[PDB]
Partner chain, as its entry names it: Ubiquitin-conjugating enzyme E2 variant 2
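Here's a solo chain for you in C-alpha cells, the form deposited without the partner chain.
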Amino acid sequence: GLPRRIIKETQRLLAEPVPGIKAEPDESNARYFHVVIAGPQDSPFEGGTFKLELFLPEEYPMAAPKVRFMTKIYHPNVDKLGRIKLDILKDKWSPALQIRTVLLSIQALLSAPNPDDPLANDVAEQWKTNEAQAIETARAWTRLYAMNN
C-alpha cells in the first residue's frame, strides 16, 4: 500500500541515478534505503565510499526521511553514532525535497563542514582550533573506514 510518490521516487532513483550516489530499497522494505555516498572531490573525504541508511517514516513527505551514516566519519556535524545534524532533516525540512536532494545535501555537507554549531563538540573544536589536523584526521579516517568497505 505504498504512497504513489515513494513508488515514483524509487523508480526515478533507479532510472536516473546521480553520479557519486547509490540508493536502493531493501528487498524486504520499500521504505528502507541502503545508500552509498562518494566523498566530495577536493574534500578530506575524497576517495571515500560512505554507507548510509535512509528511512522513510509513515508521515513522509510531510516529515523528513531518517538518515544516518553507517560508515564511521570524522565530521563536526556527525557523531560517533553516525547521526547527522542537518537542518533540512529537522526544522528546515520541506515536502518538496526528495531522497535525491537530501542525499545530495548530505554530500554537500561533507564538502562543507560547520564547526561553529557542533554536533560532535570534540571534533568541531579540533576543526576550529586546528583545521589542518582535523582535515588530516578526516582523510585518515576516510582511508581506514571508508575505503574497501
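Numbering follows the first chain given and starts at 1.
Below, we refer to the form deposited with the partner chain bound, which is not included among the displayed structures.
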Taking 4.5 angstroms as the cut-off for heavy atoms, does residue 67 touch the partner chain in the bound PDB entry? yes
Just to confirm, residue 54 within 4.5 Å of the partner chain in the bound PDB entry by heavy atoms? yes
Though the partner is not shown here, which residues of 1-35 have a heavy atom within 4.5 Å of the partner chain in the bound PDB entry? 27, 29, 31, 32
